[PDB]
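Q: Have a look at this one before I ask anything.
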Amino acid sequence: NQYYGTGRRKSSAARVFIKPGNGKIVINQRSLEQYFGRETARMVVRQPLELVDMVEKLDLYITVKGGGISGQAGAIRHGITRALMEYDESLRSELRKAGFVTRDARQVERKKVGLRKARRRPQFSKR
Amino acid sequence: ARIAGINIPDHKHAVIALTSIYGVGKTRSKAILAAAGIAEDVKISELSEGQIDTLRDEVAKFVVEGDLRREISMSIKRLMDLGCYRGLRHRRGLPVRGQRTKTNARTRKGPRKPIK
Amino acid sequence: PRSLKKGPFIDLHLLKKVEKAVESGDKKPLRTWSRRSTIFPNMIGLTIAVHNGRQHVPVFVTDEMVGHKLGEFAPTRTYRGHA
Amino acid sequence: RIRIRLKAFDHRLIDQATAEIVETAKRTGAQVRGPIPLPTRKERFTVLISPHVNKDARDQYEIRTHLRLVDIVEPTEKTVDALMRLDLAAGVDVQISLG
Amino acid sequence: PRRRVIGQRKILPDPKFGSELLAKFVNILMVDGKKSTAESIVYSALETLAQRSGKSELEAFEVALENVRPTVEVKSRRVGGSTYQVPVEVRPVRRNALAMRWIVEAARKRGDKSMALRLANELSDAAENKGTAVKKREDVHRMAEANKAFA
Amino acid sequence: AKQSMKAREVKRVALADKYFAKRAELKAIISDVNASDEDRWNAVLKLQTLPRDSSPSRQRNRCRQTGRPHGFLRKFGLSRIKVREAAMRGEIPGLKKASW
Amino acid sequence: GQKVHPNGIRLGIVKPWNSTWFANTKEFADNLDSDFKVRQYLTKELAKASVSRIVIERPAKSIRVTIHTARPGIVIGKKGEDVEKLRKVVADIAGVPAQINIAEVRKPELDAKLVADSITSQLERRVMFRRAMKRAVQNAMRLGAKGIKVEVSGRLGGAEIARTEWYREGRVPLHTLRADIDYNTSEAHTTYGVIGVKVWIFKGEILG
RNA sequence: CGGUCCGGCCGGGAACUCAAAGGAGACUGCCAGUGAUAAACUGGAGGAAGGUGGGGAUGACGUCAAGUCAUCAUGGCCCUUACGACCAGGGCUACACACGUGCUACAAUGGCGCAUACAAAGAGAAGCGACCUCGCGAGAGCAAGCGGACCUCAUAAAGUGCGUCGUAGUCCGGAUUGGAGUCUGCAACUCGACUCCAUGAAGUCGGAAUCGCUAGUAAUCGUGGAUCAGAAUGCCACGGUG
Ligand SMILES: [Mg+2]
Ligand SMILES: [Mg+2]
Ligand SMILES: [Mg+2]
Ligand SMILES: [Mg+2]
Ligand SMILES: [Mg+2]
Ligand SMILES: [Mg+2]
Ligand SMILES: [Mg+2]
Ligand SMILES: [Mg+2]
Ligand SMILES: [Mg+2]
Ligand SMILES: [Mg+2]
Ligand SMILES: [Mg+2]
Ligand SMILES: [Mg+2]
Ligand SMILES: [Mg+2]
Ligand SMILES: [Mg+2]
Ligand SMILES: [Mg+2]
Ligand SMILES: [Mg+2]
Ligand SMILES: [Mg+2]
Ligand SMILES: [Mg+2]
Ligand SMILES: [Mg+2]
Ligand SMILES: [Mg+2]
Ligand SMILES: [Mg+2]
């Protein structure tokens with residue numbers, strides 16, 4: 001009876017499967033502490049399951065592709081919120097307030113012509 | 001602390017105090033300590049004098065300070081005496097390897113010479 | 001530099017002129033536009049007038065000039081100084 | 001089976017041709033797998049539009065190369081030849097792979 | 001800007017303490033996007049800060065922040081033939097940002113070896129209410145009460 | 001571009017397609033480690049005796065309409081100018097101004 | 001130095017390419033040279049013919065040239081006389097078997113290349129440029145165009161100071177992407193120089 | 001699920017990611033307040049997205065007799081045994097100097113060594129070129145597979161973990177120069193790139209002055225492509241952290 005949500009971020013794509021259980025997190029057949037060598041990402045993947053009180057309540061099977069550390073953590077958070085609203089749907093009133101159900105659409109900006117980057121213009125000289 | 005003519009700091013490690021030798025670097029210093037069986041993290045401190053004699057023999061296998069400087073000056077004077085392009089660059093003080101002389105030849109040309 | 005497996009390089013018309021001047025044993029100056037030809041040990045004792053773009057500068061050939069090319073002894077840019 | 005690769009520039013003209021050849025081997029033959037779409041090649045280009053000197057003035061073009069993969073599971077005798085005699089519009093390049 | 005005052009973006013709290021302010025401090029310390037290093041440096045300096053003080057790391061951070069928070073800054077106006085340094089009340093956000101900025105700049109400028117040593121020493125001096133960061137706070141208040149005639 | 005430069009480019013194509021098998025024969029000899037060194041020496045002297053215009057690196061990809069030596073594109077065979085004129089007249093299939 | 005080409009900007013929306021084929025990179029630039037040479041040949045031969053749009057398409061190694069022209073009688077002659085004469089030399093140039101189709105141009109006054117070439121022919125036979133521009137606009141708005149703009153440029157009346165002039169009648173929205181803007185350009189080689197002609201024609205908005 | 005050589009691997013399955021094709025979606029559309037019942041503005045409600053959602057393309061009449069006759073085209077003038085054409089070699093890379101734009105640095109938020117994690121977007125047949133072997137190495141040999149969501153370029157790095165240096169012109173920095181080499185290419189002297197050993201300049205954050213940038217931005221980190229036999233710190237694109 002797994003409950004599913006897809007989360008996306010900069011260029012990441014998480015596939016979150018929720019089962020009721022004890023709070024076992026498995027990411028790509030790896031533990032969260034093994035996978036993210038970063039406590040901030042360990043926080044943001046545990047943030048909604050402590051917004052609600054469901055740290056010990058449910059186990060989870062996660063696959064995630066693409067991106068970096070914060071990208072995969074953001075899509076994981078957005079998949080977890082998508083699946084907890086699939087589980088209960090009474091939680092949308094709070095996770096909207098938490099800013100979690102909103103998909104962060106901050107893609108990288110393309111390099112433009114003339115410009116050395118997206119917005120950095122080259123150095124100017126009159127003379 | 002006196003290898004191949006020169007002194008060597010005792011407080012530093014082995015590879016570095018060897019790299020004080022004109023003719024060795026971190027590579028050849030590893031080859032020396034590998035041929036002596038000496039660890040690289042130890043100092044010139046707490047070395048046996050037999051270990052230092054082995055070190056002197058391994059450095060003596062190669063070409064170093066007086067030999068090496070003599071050979072280099074001989075190669076340069078070979079180009080000087082031939083009068084090749086590299087010799088002309090070596091005696092005009094200009095860069096040899098085909099670098100730019102319009103700008104940025106300051107290593108061979110030194111600092112700037114003002115037009116007075 | 002060049003690979004060793006290709007060996008050296010020399011123009012054929014030069015190598016024939018060397019073989020002739022070797023057998024004749026004459027040290028007349030050989031004018032040559034082959035600035036890219038490696039000097040051979042059989043070239044020792046010869047005046048070879050290498051081109052520089054404008055004329056042919058004569059080069060007496062020494063023992064030490066072997067592992068080099070003929071263009072090294074013909075400078076193409078004349079520079080004396082600015083002042 | 002027959003793997004068929006369609007490469008084209010117009011996606012309407014390739015989806016028109018792929019659904020055409022599906023309906024052909026569906027009627028004549030049997031078990032058309034599906035009109036599976038592949039990723040589209042985007043061959044970008046960037047040129048200076050000035051004849052002499054404007055380095056920052058450029059156009060950026062592209063060519064989108066649309067791919068379609070259609071497989072035929074059971075080739076009858078009429079399935080092959082009647083679809084080979086069937087011809088499509090230009091712009092589509094077909095490439096059959098029997099097995 | 002000309003048209004509008006803006007609505008600011010939301011910052012995450014730190015994972016260790018949940019403090020928004022400590023993550024504002026690691027962002028001010030952070031260069032080149034290396035947040036992981038600046039988080040490690042802050043957690044090492046506040047480690048030695050609570051070692052030297054026995055308090056919470058968050059509490060002694062607030063104490064050192066308290067002893068450098070300015071109340072009035074100045075700004076140049078120059079409506080006459082010379083510069084007027086006009087004082088102005090500082091809002092509590094800029095008080096906190098200038099405090100953490102001055103602390104970071106002094107910990108860069110100290111001669112200790114580790115950055116966490118320059119920062120724990122600077123925080124311990126700020127809690128003792130000495131050091132260059134409070135000397136910057138003093139020189140600011142001094143120009144304030146000197147130009148206090150202008151209002 | 002000039003007419004003579006176009007004629008030189010055609011000549012360097014004809015010679016590069018003429019002697020293409022023989023130059024690869026000699027380079028197979030010279031690159032072969034299992035060969036007589038006098039053979040490799042004879043091969044490299046033969047390769048000197050061949051014309052210089054037989055090499056493909058000697059010739060330069062000019063624009064196929066104008067002979068412009070710069071700004072070439074290998075897919076179109078044209079310079080950056082005549083590409084733009086053709087793409088604007090719609091003579092190039094599937095080519096349009098992109099934005100992404 | 002300012003304006004984009006309205007065809008090239010409309011090529012994905014309401015305008016079609018004049019060459020509709022596919023090839024890989026091996027035979028791409030070769031096909032494109034062959035197309036250039038055949039458009040060159042057909043323009044020189046059908047110069048007196050009111051040819052507008054030479055469309056080239058090559059399926060299955062067989063070129064198919066669709067000529068749009070205002071009068072097909074002079075291009076064809078007898079049925080496959082001059083067309084067959086041009087077809088065998090197209091197949092000679094392209095190196096493939098050829099096929100020539102002819103699409104008649106209804107309302108030749110509503111085709112930009114024909115109008116510009118008629119103006120060019122008039123300027124070459126020394127008419128007043130303003131009369132040519134007026135008659136081109138009056139004829140197009142009479143024939144039912146929603147908007148026309150013409151523009152000539154340079155050495156007008158043999159005047160050593162080159163200037164540009166342009167007339168406009170009706171609305172010509174260039175920035176509107178769904179606008180059916182027929183745009184084309186001609187050149188007049190007078191004894192005093194080169195006179196450039198541009199012509200925009202707005203037919204209406206395609207509601208895709 | 002069932003089975004395993006634990007590798008979606010293999011039967012399979014089509015949900016999921018993704019791939020495209022089509023469509024929906026946001027419109028001040030709604031609620032309240034203001035307003036001149038107008039325009040409109042402010043707020044919140046939902047919602048993935050809220051007021052131009054973000055980014056691009058798109059550049060009015062005209063200006064600078066702006067630029068380009070060396071892309072091309074062209075009026076006119078000039079040369080026509082030369083101002084045209086062929087070849088070798090040289091040069092466009094010079095060097096008392098001055099300027100612009102950049103790259104690497106002056107270190108400890110770091111250098112080194114070992115181990116280890118997460119990308120996107122692209123190119124490929126006279127091409128990309130596995131595996132295996134030799135070589136310290138650049139590379140070499142044999143040689144599969146691939147016109148390519150299949151194969152190759154191609155291990156992402158910064159990061160993290162441990163140890164190390166311990167404030168020095170340093171284990172920073174890497175210029176310069178000597179020697180030995182590889183590859184491309186008829187051919188690397190002038191005048192290529194790369195590798196190895198050695199060498200180890202200046203430089204310890206930059207005067208007056210001045211530039212860029214308002215969010216996935218700057219900053220920083222690597223990746224790819226065009227051109228191209230070979231030859232970028234440039235250019236055009238890509239994602240990471242932020
Ligand atoms: Mg620039
Ligand atoms: Mg970036
Ligand atoms: Mg200046
Ligand atoms: Mg040394
Ligand atoms: Mg010409
Ligand atoms: Mg070339
Ligand atoms: Mg424009
Ligand atoms: Mg709102
Ligand atoms: Mg002018
Ligand atoms: Mg000129
Ligand atoms: Mg020449
Ligand atoms: Mg130049
Ligand atoms: Mg090996
Ligand atoms: Mg590391
Ligand atoms: Mg270390
Ligand atoms: Mg070093
Ligand atoms: Mg080195
Ligand atoms: Mg100094
Ligand atoms: Mg220092
Ligand atoms: Mg390439
Ligand atoms: Mg290259």
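Ordering of the structure tokens sets the chain letters (A, B, ...); residue numbers start at 1 within each chain; ligands are numbered from 1 in the order shown.
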Counting only C-alpha atoms (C1' of nucleotides), what is within 7 Å of residue 188 (chain G), bar same-chain residues fewer than 2 positions away, as a list in words?
A: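 The contact residues come out as residues 120, 123, 124, 186, 190, 194, 195 and 196 of chain G.
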Q: Now that the selection is made, can you save its residues with N, CA, C and O atoms as a PDB file, in the first residue's frame?
A:
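Dumped to part-v1.pdb:
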```
ATOM      1  N   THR G 120      11.944  46.989 -60.852  1.00  0.00           N
ATOM      2  CA  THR G 120      13.325  46.995 -61.281  1.00  0.00           C
ATOM      3  C   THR G 120      13.416  47.117 -62.790  1.00  0.00           C
ATOM      4  O   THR G 120      14.250  47.858 -63.315  1.00  0.00           O
ATOM      5  N   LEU G 123      12.648  50.694 -63.652  1.00  0.00           N
ATOM      6  CA  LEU G 123      13.735  51.611 -63.385  1.00  0.00           C
ATOM      7  C   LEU G 123      14.861  51.387 -64.363  1.00  0.00           C
ATOM      8  O   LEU G 123      15.625  52.310 -64.655  1.00  0.00           O
ATOM      9  N   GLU G 124      14.989  50.168 -64.869  1.00  0.00           N
ATOM     10  CA  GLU G 124      16.061  49.911 -65.805  1.00  0.00           C
ATOM     11  C   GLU G 124      15.727  50.549 -67.136  1.00  0.00           C
ATOM     12  O   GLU G 124      16.623  51.027 -67.838  1.00  0.00           O
ATOM     13  N   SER G 186      14.493  43.127 -54.689  1.00  0.00           N
ATOM     14  CA  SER G 186      15.107  43.133 -56.001  1.00  0.00           C
ATOM     15  C   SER G 186      16.184  44.199 -56.088  1.00  0.00           C
ATOM     16  O   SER G 186      16.325  45.055 -55.212  1.00  0.00           O
ATOM     17  N   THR G 190      21.289  50.172 -62.743  1.00  0.00           N
ATOM     18  CA  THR G 190      21.234  51.306 -63.632  1.00  0.00           C
ATOM     19  C   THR G 190      22.635  51.742 -64.033  1.00  0.00           C
ATOM     20  O   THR G 190      23.633  51.380 -63.402  1.00  0.00           O
ATOM     21  N   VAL G 194      23.359  51.048 -58.397  1.00  0.00           N
ATOM     22  CA  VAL G 194      22.476  49.976 -57.982  1.00  0.00           C
ATOM     23  C   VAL G 194      21.367  50.572 -57.140  1.00  0.00           C
ATOM     24  O   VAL G 194      21.633  51.300 -56.178  1.00  0.00           O
ATOM     25  N   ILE G 195      20.131  50.290 -57.520  1.00  0.00           N
ATOM     26  CA  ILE G 195      18.946  50.742 -56.811  1.00  0.00           C
ATOM     27  C   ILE G 195      18.275  49.538 -56.177  1.00  0.00           C
ATOM     28  O   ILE G 195      17.843  48.618 -56.875  1.00  0.00           O
ATOM     29  N   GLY G 196      18.175  49.553 -54.855  1.00  0.00           N
ATOM     30  CA  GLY G 196      17.556  48.460 -54.130  1.00  0.00           C
ATOM     31  C   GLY G 196      16.080  48.639 -53.832  1.00  0.00           C
ATOM     32  O   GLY G 196      15.641  49.707 -53.436  1.00  0.00           O
TER      33      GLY G 196
END
```
Q: Within 12 Å of residue 101 (chain B), counting only C-alpha atoms (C1' of nucleotides), which residues show up once you throw out same-chain ones fewer than 3 positions away? Write them as number ranges by chain, please.
A: B: 89, 92-98, 104-109; H: 93-97
Q: Those selected residues, please, written with N, CA and C atoms (P, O5', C5', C4', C3', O3' and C1' of nucleotides) and delivered as a PDB file, in the first residue's frame.
A:
```pdb
ATOM      1  N   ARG B  89      69.318  34.588 -28.646  1.00  0.00           N
ATOM      2  CA  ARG B  89      68.337  34.926 -27.632  1.00  0.00           C
ATOM      3  C   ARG B  89      68.937  34.894 -26.232  1.00  0.00           C
ATOM      4  N   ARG B  92      71.195  38.106 -26.164  1.00  0.00           N
ATOM      5  CA  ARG B  92      70.434  39.328 -26.207  1.00  0.00           C
ATOM      6  C   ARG B  92      69.578  39.471 -24.965  1.00  0.00           C
ATOM      7  N   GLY B  93      69.474  38.419 -24.155  1.00  0.00           N
ATOM      8  CA  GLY B  93      68.609  38.462 -22.998  1.00  0.00           C
ATOM      9  C   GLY B  93      67.147  38.302 -23.297  1.00  0.00           C
ATOM     10  N   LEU B  94      66.820  37.891 -24.453  1.00  0.00           N
ATOM     11  CA  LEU B  94      65.467  37.725 -24.926  1.00  0.00           C
ATOM     12  C   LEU B  94      64.973  36.312 -24.705  1.00  0.00           C
ATOM     13  N   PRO B  95      63.665  36.114 -24.714  1.00  0.00           N
ATOM     14  CA  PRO B  95      63.139  34.779 -24.474  1.00  0.00           C
ATOM     15  C   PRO B  95      63.405  33.859 -25.643  1.00  0.00           C
ATOM     16  N   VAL B  96      63.780  32.642 -25.297  1.00  0.00           N
ATOM     17  CA  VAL B  96      64.268  31.666 -26.248  1.00  0.00           C
ATOM     18  C   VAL B  96      63.160  30.872 -26.905  1.00  0.00           C
ATOM     19  N   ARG B  97      62.232  30.427 -26.126  1.00  0.00           N
ATOM     20  CA  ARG B  97      61.280  29.408 -26.510  1.00  0.00           C
ATOM     21  C   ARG B  97      60.268  29.862 -27.441  1.00  0.00           C
ATOM     22  N   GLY B  98      60.410  31.026 -28.053  1.00  0.00           N
ATOM     23  CA  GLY B  98      59.442  31.468 -29.022  1.00  0.00           C
ATOM     24  C   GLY B  98      58.282  32.217 -28.425  1.00  0.00           C
ATOM     25  N   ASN B 104      55.203  41.424 -22.415  1.00  0.00           N
ATOM     26  CA  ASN B 104      55.335  40.356 -21.446  1.00  0.00           C
ATOM     27  C   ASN B 104      56.585  39.514 -21.658  1.00  0.00           C
ATOM     28  N   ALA B 105      57.726  40.167 -21.748  1.00  0.00           N
ATOM     29  CA  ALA B 105      58.987  39.452 -21.717  1.00  0.00           C
ATOM     30  C   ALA B 105      59.772  39.843 -20.483  1.00  0.00           C
ATOM     31  N   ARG B 106      59.060  40.117 -19.408  1.00  0.00           N
ATOM     32  CA  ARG B 106      59.640  40.771 -18.252  1.00  0.00           C
ATOM     33  C   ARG B 106      60.488  39.852 -17.410  1.00  0.00           C
ATOM     34  N   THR B 107      60.349  38.546 -17.574  1.00  0.00           N
ATOM     35  CA  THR B 107      61.204  37.647 -16.825  1.00  0.00           C
ATOM     36  C   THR B 107      62.616  37.682 -17.365  1.00  0.00           C
ATOM     37  N   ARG B 108      62.759  37.643 -18.682  1.00  0.00           N
ATOM     38  CA  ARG B 108      64.078  37.698 -19.274  1.00  0.00           C
ATOM     39  C   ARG B 108      64.594  39.121 -19.355  1.00  0.00           C
ATOM     40  N   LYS B 109      63.703  40.092 -19.517  1.00  0.00           N
ATOM     41  CA  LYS B 109      64.091  41.478 -19.701  1.00  0.00           C
ATOM     42  C   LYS B 109      64.120  42.268 -18.412  1.00  0.00           C
TER      43      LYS B 109
ATOM     44  P     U H  93      51.312  39.706 -35.988  1.00  0.00           P
ATOM     45  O5'   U H  93      52.323  38.564 -35.556  1.00  0.00           O
ATOM     46  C5'   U H  93      53.576  38.950 -35.031  1.00  0.00           C
ATOM     47  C4'   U H  93      54.040  38.097 -33.883  1.00  0.00           C
ATOM     48  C3'   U H  93      55.543  38.095 -33.660  1.00  0.00           C
ATOM     49  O3'   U H  93      55.827  38.066 -32.269  1.00  0.00           O
ATOM     50  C1'   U H  93      54.802  35.893 -33.949  1.00  0.00           C
ATOM     51  P     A H  94      56.784  39.180 -31.636  1.00  0.00           P
ATOM     52  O5'   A H  94      57.764  39.523 -32.832  1.00  0.00           O
ATOM     53  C5'   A H  94      58.949  38.782 -33.019  1.00  0.00           C
ATOM     54  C4'   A H  94      60.100  39.624 -33.492  1.00  0.00           C
ATOM     55  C3'   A H  94      60.590  40.662 -32.498  1.00  0.00           C
ATOM     56  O3'   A H  94      62.008  40.755 -32.488  1.00  0.00           O
ATOM     57  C1'   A H  94      59.922  41.721 -34.504  1.00  0.00           C
ATOM     58  P     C H  95      62.765  40.535 -31.091  1.00  0.00           P
ATOM     59  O5'   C H  95      62.466  41.850 -30.248  1.00  0.00           O
ATOM     60  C5'   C H  95      63.193  43.034 -30.525  1.00  0.00           C
ATOM     61  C4'   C H  95      62.752  44.229 -29.721  1.00  0.00           C
ATOM     62  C3'   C H  95      62.359  43.957 -28.283  1.00  0.00           C
ATOM     63  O3'   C H  95      62.798  45.065 -27.513  1.00  0.00           O
ATOM     64  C1'   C H  95      60.591  45.022 -29.383  1.00  0.00           C
ATOM     65  P     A H  96      64.273  45.069 -26.892  1.00  0.00           P
ATOM     66  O5'   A H  96      64.444  46.547 -26.340  1.00  0.00           O
ATOM     67  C5'   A H  96      63.380  47.164 -25.649  1.00  0.00           C
ATOM     68  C4'   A H  96      63.786  48.460 -25.011  1.00  0.00           C
ATOM     69  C3'   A H  96      62.708  49.139 -24.212  1.00  0.00           C
ATOM     70  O3'   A H  96      62.589  48.607 -22.916  1.00  0.00           O
ATOM     71  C1'   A H  96      63.852  50.721 -25.552  1.00  0.00           C
ATOM     72  P     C H  97      61.285  47.774 -22.508  1.00  0.00           P
ATOM     73  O5'   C H  97      60.049  48.734 -22.788  1.00  0.00           O
ATOM     74  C5'   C H  97      59.859  49.882 -21.995  1.00  0.00           C
ATOM     75  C4'   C H  97      59.129  50.990 -22.699  1.00  0.00           C
ATOM     76  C3'   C H  97      57.636  51.011 -22.441  1.00  0.00           C
ATOM     77  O3'   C H  97      57.255  51.574 -21.207  1.00  0.00           O
ATOM     78  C1'   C H  97      58.031  51.367 -24.721  1.00  0.00           C
TER      79        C H  97
END
```
Q: Near residue 38 (chain D), within 12 Å and counting only C-alpha atoms (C1' of nucleotides), which residues show up once chain neighbours fewer than 4 positions away are dropped, as a PyMOL selection string?
A: (chain D and resi 5-8+11+65-70) or (chain H and resi 18-21+149)
Q: Given the selection you just returned, output its residues as a file containing C-alpha atoms (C1' of nucleotides), formatted as a PDB file, in the first residue's frame.
A:
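Saved result, out.pdb, follows:
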```pdb
ATOM      1  CA  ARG D   5      13.595   4.590 -37.786  1.00  0.00           C
ATOM      2  CA  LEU D   6      12.130   7.816 -39.147  1.00  0.00           C
ATOM      3  CA  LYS D   7      14.213  10.980 -39.124  1.00  0.00           C
ATOM      4  CA  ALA D   8      12.628  14.241 -40.133  1.00  0.00           C
ATOM      5  CA  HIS D  11       7.024  16.832 -36.585  1.00  0.00           C
ATOM      6  CA  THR D  65      15.676  16.651 -35.928  1.00  0.00           C
ATOM      7  CA  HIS D  66      12.589  14.651 -34.927  1.00  0.00           C
ATOM      8  CA  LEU D  67      12.895  10.880 -34.436  1.00  0.00           C
ATOM      9  CA  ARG D  68      10.263   8.152 -34.559  1.00  0.00           C
ATOM     10  CA  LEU D  69      10.677   4.453 -33.837  1.00  0.00           C
ATOM     11  CA  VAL D  70       8.036   2.040 -35.116  1.00  0.00           C
TER      12      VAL D  70
ATOM     13  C1'   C H  18      11.997  10.017 -18.840  1.00  0.00           C
ATOM     14  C1'   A H  19      11.196  10.581 -23.950  1.00  0.00           C
ATOM     15  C1'   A H  20       7.965  13.433 -27.455  1.00  0.00           C
ATOM     16  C1'   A H  21       3.073  14.719 -29.697  1.00  0.00           C
ATOM     17  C1'   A H 149      18.202   7.343 -25.812  1.00  0.00           C
TER      18        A H 149
END
```
Q: For residue 58 (chain B), work out the shell of residues within 8 Å, counting only C-alpha atoms (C1' of nucleotides) and skipping chain neighbours fewer than 4 positions away, then give it as an MDAnalysis selection string.
A: chainID B and resid 32 35:36 54 62
Q: Atoms to include: C-alpha atoms. Write the selected residues as a PDB file, in the first residue's frame.
A:
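Just written: result.pdb:
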```pdb
ATOM      1  CA  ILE B  32      65.875   8.438  -3.069  1.00  0.00           C
ATOM      2  CA  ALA B  35      65.862   3.352  -2.555  1.00  0.00           C
ATOM      3  CA  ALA B  36      66.936   3.905   1.026  1.00  0.00           C
ATOM      4  CA  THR B  54      72.745   5.700   2.413  1.00  0.00           C
ATOM      5  CA  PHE B  62      72.764  11.499  -9.792  1.00  0.00           C
TER       6      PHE B  62
END
```
Q: Please identify all polymer residues within 12 Å of residue 4 (chain C), counting only C-alpha atoms (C1' of nucleotides), omitting same-chain residues fewer than 5 positions from it, and present them as a ChimeraX atom specification.
A: /C:9 /F:30-31,33,37 /H:180-183
Q: Could you build a table of the residues in chain B lying no more than 12 Å from ligand 17, giving for each the nearest pair of atoms and their separation in Å rounded to one decimal place, using only C-alpha atoms and all ligand atoms, ordered by chain and ascending residue number, as CSV?
A:
```
residue,atom,partner,partner_atom_place_in_ligand_line,distance
B:24,CA,ligand 17,1 (Mg),11.6
B:25,CA,ligand 17,1 (Mg),9.0
B:26,CA,ligand 17,1 (Mg),9.8
B:27,CA,ligand 17,1 (Mg),10.1
```
Q: Could you report the residues within 12 Å of ligand 3, using only C-alpha atoms (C1' of nucleotides) and all ligand atoms, as a list in words?
A: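 Selection of residues at most 12 Å from ligand 3: residues 124, 125, 126 and 127 of chain A; 98, 99, 100, 101, 208, 209, 210 and 211 of chain H.
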Q: Restricting the calculation to only C-alpha atoms: of G:57, G:82, G:111, G:92, which residue gets closest to chain D?
A: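 Using only C-alpha atoms, the shortest distance to chain D belongs to G:57.
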Q: Using only C-alpha atoms (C1' of nucleotides), which residues sit within 7 Å of region 36-44 of chain C once same-chain residues fewer than 5 positions away are excluded, as an MDAnalysis selection string?
A: (chainID C and resid 8:11 18 61:63 65:71) or (chainID H and resid 189)
Q: Kindly provide, as a PyMOL selection string, all nucleotide and amino acid residues lying within 10 Å of ligand 19, counting only C-alpha atoms (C1' of nucleotides) and all ligand atoms.
A: chain H and resi 106-107+167-170+172+203-204
Q: Find the residues of chain G in contact range of chain D, meaning any atom within 9 Å when counting only C-alpha atoms, and list them as a ChimeraX atom specification.
A: /G:20-23,57-60
Q: Could you write out the selected residues, including C-alpha atoms, as a PDB file, in the first residue's frame?
A:
```pdb
ATOM      1  CA  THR G  20      11.843  20.890 -48.157  1.00  0.00           C
ATOM      2  CA  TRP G  21      14.094  17.890 -47.997  1.00  0.00           C
ATOM      3  CA  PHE G  22      16.098  15.947 -45.471  1.00  0.00           C
ATOM      4  CA  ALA G  23      19.658  14.814 -45.555  1.00  0.00           C
ATOM      5  CA  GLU G  57      12.109  18.916 -52.779  1.00  0.00           C
ATOM      6  CA  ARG G  58      14.077  15.708 -53.276  1.00  0.00           C
ATOM      7  CA  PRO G  59      12.572  12.358 -52.281  1.00  0.00           C
ATOM      8  CA  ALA G  60      14.253   9.044 -52.969  1.00  0.00           C
TER       9      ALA G  60
END
```
Q: Hey, which residues come within 12 Å of ligand 10 if we count only C-alpha atoms (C1' of nucleotides) and all ligand atoms? Could you give them as JSON, numbers by chain?
A: {"H": [68, 69, 70]}
Q: Go ahead and save the picked residues with N, CA, C and O atoms (P, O5', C5', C4', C3', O3' and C1' of nucleotides), as a PDB file, in the first residue's frame.
A:
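File written: part-v1.pdb
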```pdb
ATOM      1  P     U H  68      34.879  51.875 -43.552  1.00  0.00           P
ATOM      2  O5'   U H  68      35.085  50.540 -44.382  1.00  0.00           O
ATOM      3  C5'   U H  68      35.363  49.332 -43.709  1.00  0.00           C
ATOM      4  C4'   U H  68      34.539  48.172 -44.202  1.00  0.00           C
ATOM      5  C3'   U H  68      34.397  48.039 -45.699  1.00  0.00           C
ATOM      6  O3'   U H  68      35.519  47.404 -46.283  1.00  0.00           O
ATOM      7  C1'   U H  68      32.305  47.679 -44.645  1.00  0.00           C
ATOM      8  P     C H  69      36.331  48.113 -47.467  1.00  0.00           P
ATOM      9  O5'   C H  69      35.865  47.320 -48.755  1.00  0.00           O
ATOM     10  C5'   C H  69      34.698  47.737 -49.443  1.00  0.00           C
ATOM     11  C4'   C H  69      34.569  47.101 -50.789  1.00  0.00           C
ATOM     12  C3'   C H  69      35.820  47.187 -51.646  1.00  0.00           C
ATOM     13  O3'   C H  69      35.939  46.069 -52.512  1.00  0.00           O
ATOM     14  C1'   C H  69      34.074  48.387 -52.681  1.00  0.00           C
ATOM     15  P     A H  70      37.344  45.312 -52.625  1.00  0.00           P
ATOM     16  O5'   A H  70      37.489  44.558 -51.239  1.00  0.00           O
ATOM     17  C5'   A H  70      36.672  43.431 -50.988  1.00  0.00           C
ATOM     18  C4'   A H  70      36.925  42.786 -49.653  1.00  0.00           C
ATOM     19  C3'   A H  70      36.636  43.642 -48.430  1.00  0.00           C
ATOM     20  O3'   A H  70      36.119  42.811 -47.400  1.00  0.00           O
ATOM     21  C1'   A H  70      38.861  42.934 -48.362  1.00  0.00           C
TER      22        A H  70
END
```
Q: Please provide as a VMD selection string all residues within 7 Å of residue 60 (chain C), with the sequence filter that same-chain residues fewer than 3 positions apart are discarded (counting only C-alpha atoms (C1' of nucleotides)).
A: chain C and resid 45 to 48
